[PDB]
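[1] generate a structure from the sequence data that follows.
(chains A, B, C and D, ligands or ions: 4)
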Amino acid sequence: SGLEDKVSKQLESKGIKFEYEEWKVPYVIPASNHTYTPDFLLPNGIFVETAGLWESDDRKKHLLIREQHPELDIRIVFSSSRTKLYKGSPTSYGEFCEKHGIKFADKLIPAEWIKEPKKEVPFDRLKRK
Amino acid sequence: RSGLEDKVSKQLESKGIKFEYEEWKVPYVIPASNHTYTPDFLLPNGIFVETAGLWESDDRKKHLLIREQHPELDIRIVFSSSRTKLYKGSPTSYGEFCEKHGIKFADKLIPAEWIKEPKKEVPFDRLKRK
DNA sequence: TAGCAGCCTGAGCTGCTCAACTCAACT
DNA sequence: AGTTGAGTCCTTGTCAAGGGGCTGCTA
Ligand SMILES: [Ca+2]
Ligand SMILES: [Ca+2]
Ligand SMILES: [Ca+2]
Ligand SMILES: [Ca+2]
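    Residues are numbered from 1 along each chain as shown, chains lettered A, B, ... in the order given. Ligands and ions are numbered 1, 2, ... in the order given. Shown next is the structure:
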């Protein structure tokens, strides 16, 4: 890479023996707080996230939120649950969801969903606006 | 406002149902995690040199965390251009940031004084090879 | 084998300015 | 004020694919 090519040459220009990318330095990123805003709250108590591109971070999000707010029912309406997780993955968003317990549907919110009976939502645990 | 969002909004109202759109936020934590950083160069002085072109938010935090977590390590930056601003129309240059934080830096080339400096013990004890 | 971490300034043009961008929230 | 979070499938080839692309742990 540009500077890497140049500074390597600039050092050898002075006879000095450098070490290039040999040693790795480990370190921690401390825990942090974040907030997720699901797209839709039906009067059923059902949260609906509309998702087009659905990447690694986002998956973890839904997984963390689920561990962290076991009472919340958050379900995904995919643009296309056929999409693959990443370049030539065998796995579809679909495959991933079912394997993880995530209720999902495609392009539209199904009737059964809306037709479901009311559940208490803990606004206690959430933040408005 | 966005493709499916436009569509599923209309699809609900098509049925009379009153939905709530983006009103409630759900807080959550990301737990601590382990990572590793590989500085570009280790001089025989014991000086670590990172060559940096574009140097963004994450990277700054990296260098700041590593410094908190490995007080013995001397890691300094040779910028492609320390004139670069942190982000769209920031008043701050990578340079400004470095000095305000204690980060020793230079531009395009490793200065002589740097290499000319005397030897320091490096704790390879705390590091990982390869 | 899968899955994800950890990397990475040159064009291109007005010595700066662009690789997306736009509101919200945090500090 | 200044910095960072959080959120955003619709365009380019045979539905599908698909984001930059490579190397290289870690289970
Ligand atoms: Ca959203
Ligand atoms: Ca969404
Ligand atoms: Ca490097
Ligand atoms: Ca570098």
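
[2] spell out which residues of chain A are next to DNA strand C.
    Counting by C-beta under 7 Å from any atom of the strand, the positions of chain A adjacent to DNA strand C are A:1-4, A:24, A:35, A:56, A:59, A:85-86, A:89-91, A:129. All C-beta spots, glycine's among them, are computed from the backbone N, C-alpha and C.

[3] among the residues you listed, which ones are in helices?
    Those of the residues of chain A next to DNA strand C mapping onto helices are A:2, A:3, A:4, A:56, A:59, per DSSP state H.

[4] coming back round to it: just the buried ones among the residues of chain A next to DNA strand C, please.
    The neighbour count (16 or more other C-beta atoms under 10 Å in any protein chain shown) marks A:3, A:59, A:85 as buried among those.

[5] spell out which parts of chain A neighbour DNA strand D.
    A:34-37, A:39, A:50-53, A:61, A:79-80, A:82-84, A:86-88.

[6] quick check: PyMOL command selecting the buried ones in those.
    Selection of the buried residues among the residues of chain A next to DNA strand D in PyMOL, burial being defined by 16+ other C-beta under 10 Å:
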select buried, chain A and resi 36+39+50+51+61+79+83
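
[7] so what's the residue of chain A found nearest DNA strand C up against?
    When scored by C-beta to the nearest atom of the strand, chain A has residue A:2 as its residue closest to DNA strand C, at 1.7 Å. Applying C-beta atoms under 8 Å, 6 or more residues apart in numbering or on different chains, we find residue A:2 in contact with B:53, B:80.

[8] nearest spatial neighbour of residue A:84, skipping sequence neighbours?
    residue A:92 (5.9 Å; C-beta to C-beta, 6 or more residues apart in numbering or on different chains).

[9] for residue A:42, that is, sorry about that
    That would be residue B:19: by C-beta to C-beta, 6+ apart, it lies 5.4 Å from residue A:42.

[10] helices and strands around the longest strand along chain A, which ones?
    Counting by DSSP state E, the longest strand found in chain A is strand A:23-29. Under the contact criterion of 3 or more C-beta pairs under 8 Å, 6 or more residues apart in numbering or on different chains; DSSP states H and E, strand A:23-29 touches strand B:33-37, helix B:57-69, strand B:128-129.

[11] just want the angle from it to helix B:57-69.
    Orientation of strand A:23-29 against helix B:57-69 (axes from the mean of the first three to the mean of the last three C-alpha atoms, to 10 degrees) gives an angle of 100 degrees.
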